[PDB]
Amino acid sequence: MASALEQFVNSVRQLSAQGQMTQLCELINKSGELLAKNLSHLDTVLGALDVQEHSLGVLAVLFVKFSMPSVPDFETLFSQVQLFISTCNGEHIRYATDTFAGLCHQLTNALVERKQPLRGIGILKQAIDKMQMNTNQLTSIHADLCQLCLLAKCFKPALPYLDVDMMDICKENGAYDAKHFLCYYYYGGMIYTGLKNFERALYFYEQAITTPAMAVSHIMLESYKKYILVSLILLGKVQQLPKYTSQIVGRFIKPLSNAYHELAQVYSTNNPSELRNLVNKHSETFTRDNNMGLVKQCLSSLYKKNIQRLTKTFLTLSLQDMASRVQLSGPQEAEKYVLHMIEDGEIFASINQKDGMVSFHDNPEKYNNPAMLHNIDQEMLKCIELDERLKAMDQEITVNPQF
Amino acid sequence: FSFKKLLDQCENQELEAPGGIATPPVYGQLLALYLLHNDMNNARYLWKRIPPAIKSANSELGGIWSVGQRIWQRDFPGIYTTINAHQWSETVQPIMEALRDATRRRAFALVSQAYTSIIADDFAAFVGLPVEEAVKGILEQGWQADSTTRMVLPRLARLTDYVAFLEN
């Protein structure tokens, strides 16, 4: 008889003219049973509407070879997938999610092999957009977007995906699991700390810990370890974890993260000289786990804390006095350190170089400004929308029968 | 204004156009554009993405990164010398013009908050113009200069939505 792949191609257009999409999901998955070059021949006379759903099945086999993507000619195959995502769109995509995701993870693995994964970022973000509502549902392509940005630094495209918080993942037909959930948040934390957006980083990092698990994974160690470092910047000791945290984070991970527990302990004494000595003791761990450079920030943040506690206590204090106590050891650096912080807005202070003093202010708000009224009013609109998400979700359980 | 749009078209262009390593002028504008926003982390990361191939090919790019190394230290007098060091016509100048004026404003603004009193010679480094030119300017703005010692002193609709919400 004839070949399976030619017979399969003409059928798809029928199922794409009709409401009978569930059939179509089967036809792309099998794809021709055994495949080779044979798919490349279908593409030429594949258009009659758009190129249809079928094309996605062709692209999934060719990249999933685990060899050449399509001879040294691979750039052509790349031009075809940007065409699928852009012009075709996909409105029957909810069904396609399994192949779409497989294909997308496979793309990222191949681009990572190439000279730089830069060229991949631009197709991969538009690729996610098509499966989403317009509200933004979180799925595994989100994780892989962050990975491309991490390797080839250009964090800027990924930020609108990250800066949005959500409820419910993209489902129906698989295409998703808890590791993807954890890796997306791990990396998204990694990026925000870099931007020095300590607020979003903390929050991203937390979501990578609160996830349920009954098994150990490499992402769970890293997520915990990065959490301790971030909380050492934001807070004066480690920040709280809820009681819906996974069992695994207590039982296995804590003797696993001993070094970090010692970082947090030395930081609580409030002495940089000791923290510094510890970082060289613990060094090899920092390098193998590769949260180097972050560990350095925790040291600068102690010096910031040590300067900032003085503010609480003193109206006026000398630079020489600050310098001995903080252990800056140079009044010139005391002046340099607050001045960095003035630009940042972590401190409200003024320098008197006639007297050789620092004067602390501390009066950003008197709380009777209309500025403060508008700020409180903006915060209320957020709450009323948050409640509305909860109402739709409580109601949804009300429809479901109770157990 | 104009610059913000210029980052947008360029940001798009980095991912879309090349095979993964884009050409030398595009990277230079983009780097220069990150310094105007004072988004120094992404700038630094930009240079680290840059291979050794572009650093030999293009020296201008390496000058733009040098201003930026100093911005990280936040040492003003050093910033100014580097602005003068390199120019690249058309391709670097409109954005460069903005970089120079963005750091001077940052510097005057910084000092105004930072110091209730400052030495005039240190201030001269910040704005980056000599003592005669500076002391002349401060007086017009309305800041006090002390002379002899030479010190310078810087100087219903919401409510119904909410009621509707709580009553329900």
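Rules of the game
- Residues numbered from 1 in each chain as written, not as in the entry; some residues may be left out.
- Chains lettered and ligands numbered in written order.
- Part of a larger assembly, values for the part shown.
- Heavy atoms only, no water.
- Contact = heavy atoms within 4.5 Å.
- Buried area = accessible area lost by both parts, 1.4 Å probe.
- Salt bridge = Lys/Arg side-chain N within 4 Å of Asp/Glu carboxyl O.
- Polar contact = N/O pair within 3.5 Å; in protein donor to acceptor, adjacent residues only side chain to side chain.
- Helix = DSSP H or I, 4+ residues; strand = E, 2+ residues; numbered from the N terminus.
- Buried < 20%, exposed > 50% of the residue type's maximum accessible area, 1.4 Å probe, protein only.
- Core = buried A, V, L, I, M, F, W, Y, C linked by side-chain atoms within 4.5 Å.
- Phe/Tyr/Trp six-rings, centres within 6.5 Å; stacked < 30°, edge-to-face > 60°.
- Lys NZ or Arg CZ within 6 Å of the ring centre and 35° of its normal.
- Patch = residues over 30% accessible without salt bridge, like charges linked within 9 Å, V, L, I, M, F, W, Y side chains within 5 Å.
- Areas by Shrake-Rupley, 256 points an atom, 1.4 Å probe, with all protein chains shown as cover.

As deposited, the entry is annotated with cryo-EM as its determination method and 8.2 Å as its resolution.

> I'm lost on the interface of chain B and chain A in this one. Help?
How big an interface is tends to be reported as the loss of accessible area on association of its parts. Between chain B and chain A, the contact holds 37 residues from the first and 33 residues from the second. In total, chain B and chain A occlude about 3,500 Å² of area from one another, counting both sides; carbon and sulfur atoms represent 57% of this. Taken together, the connections running from chain B to chain A amount to six salt bridges. Among the salt bridges present, the one from A:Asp377 reaches B:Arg158, with a minimum N-O distance of 3.3 Å. Our count for the chain B to chain A interface comes out at 15 residue pairs in polar contact.

> Looking at this model, I keep getting lost on the pattern of salt bridges. Mind explaining?
Once the charged atoms of two side chains with opposite charge are near each other, the side chains can pair. Summed over all chains, the structure comprises 19 salt bridges over all chains. Where A:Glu75 meets A:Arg119, a salt bridge forms, and the shortest distance between an N and an O atom there is 3.9 Å. Placement of A:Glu75 in helix α4 (residues 75-88) and of A:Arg119 in helix α6 (residues 118-129) is noted, with a sequence separation of 44 residues between them. Taking the relative accessible area as the measure of exposure, A:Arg119 reaches 13% and is therefore buried. With a shortest N-O distance of 3.3 Å, A:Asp344 and B:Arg74 are connected by a salt bridge.

> Any chance you could explain the nonpolar core here in plain terms?
Soluble globular proteins tend to bury their nonpolar side chains together. Residues A:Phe100, A:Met322 and B:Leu35 are the most contacted members of the largest nonpolar core, which totals 152 residues. Residues in contact with A:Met322, not counting those within four places in the same chain, are A:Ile307, A:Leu310, A:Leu317, A:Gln327, A:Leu328, A:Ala334, A:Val358 and A:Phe360. In terms of nonpolar packing, the next biggest core, distinct from the first, is built from five residues, A:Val12, A:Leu15, A:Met21 and A:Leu27 among them.

> Just checking my understanding: could you explain the packing of aromatic side chains for this structure?
Tallying each qualifying case throughout the model produces 16 aromatic pairs over all chains. Look at A:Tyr184 and A:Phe204: their rings are 5.9 Å apart centre to centre, the planes differ by 65 degrees, and that puts the pair in the edge-to-face class. Of this pair, A:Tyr184 sits in helix α9 (residues 178-195) while A:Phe204 sits in helix α10 (residues 198-210), and the two are 20 residues apart along the sequence. The residues A:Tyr184 and A:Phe204 share a single accessibility class, namely buried. Arranged with centres 5.8 Å apart and planes meeting at 45 degrees, the rings of A:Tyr186 and A:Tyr187 form a pair that is tilted. One exposure class covers both A:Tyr186 and A:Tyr187, and it is buried. By the ring-pair criterion, three or more aromatic residues cluster together here, those being A:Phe181, A:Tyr184, A:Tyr185, A:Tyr192, A:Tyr203 and A:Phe204. Of note, A:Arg114 hangs over the ring of A:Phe74, and the distance from its end group to the ring centre comes to 4.2 Å. For the cation-ring pair, B:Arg44 lies above B:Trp72, with the distance from its terminal atom to the ring centre recorded as 4.5 Å.

> Honestly, a nonpolar patch on the surface in this entry has me stumped. Any pointers?
On the surface, a nonpolar cluster with roughly 260 Å² of combined accessible area is contributed by A:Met167, A:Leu390 and A:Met393. Along the chain, A:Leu390 turns up in helix α20 (residues 370-399).

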